[PDB]
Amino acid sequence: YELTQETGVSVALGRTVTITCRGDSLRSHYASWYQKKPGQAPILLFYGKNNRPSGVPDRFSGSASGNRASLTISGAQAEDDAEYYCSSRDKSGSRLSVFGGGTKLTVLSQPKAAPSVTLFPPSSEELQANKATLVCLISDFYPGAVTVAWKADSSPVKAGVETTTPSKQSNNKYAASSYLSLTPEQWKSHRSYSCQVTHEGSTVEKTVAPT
């Protein structure tokens, strides 16, 4: 988790786009960059200061400065639509290596679509079984990259969160869901809980409260 990359970035066909990788180790070390498509082996795109391997189109080039490494794609093609991973040392001087979280690069095929978001509180029935789940349903969005954050009153909550990777619905937009597991006591003790969905730098936040 020492290398941070955008969750999603989009680009129109033929245009130019840049993904970032970020960590403290990048002040000391270069990053390598990898393309990854479902059911296929990663492909090394670029590494070190100026190194593009044989076979990789010239439109791919990496750079670096400060704590940042940037992969730039100049003249984006359909086939560039993929996930992109950066890799370097986790920390300066380390013999270990780490991957960034991945960026979903969308080469745009339709216009942008904002997610619908529905947030359900725990049923009484589930509370009676001594459990509590909040259900945040997210649909009809494009590109297929969202970030979901939960809040107990105003505090970030990370524990008990399970969130699907987005997948395509029959209409070609994406759906996802996030679940927050709590104890009934946590549910009853807070004034509210919130589900916050970030899509292409816009945010929708829904809030529920015990009845």
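In case it trips you up, residue 1 is the first one in the sequence shown, and so on.
The deposited model assigns a higher average Cα B-factor to 66 to 74 than to the other stretch when 66 to 74 and 174 to 182 are compared. Comparing 110 to 118 with 78 to 86, the stretch with the higher mean C-alpha B-factor in the PDB entry is 78 to 86. Across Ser167, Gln40, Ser155, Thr147, the greatest Cα temperature factor reported in the deposited entry is at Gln40.
As recorded in the entry, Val98 carries the highest CA temperature factor of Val98, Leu105, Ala132, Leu137.
In the PDB entry, a CA B factor belonging to the highest third of its chain's modelled residues is recorded for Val56. When the modelled residues of the chain are ordered by C-alpha B-factor, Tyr142 sits in the lowest third. When the modelled residues of the chain are ordered by C-alpha B-factor, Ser28 sits in the highest third. The entry lists a Cα temperature factor for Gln35 that places it in the middle third of the chain's modelled residues. In the PDB entry, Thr198 places in the lowest third of its chain by CA B-factor.
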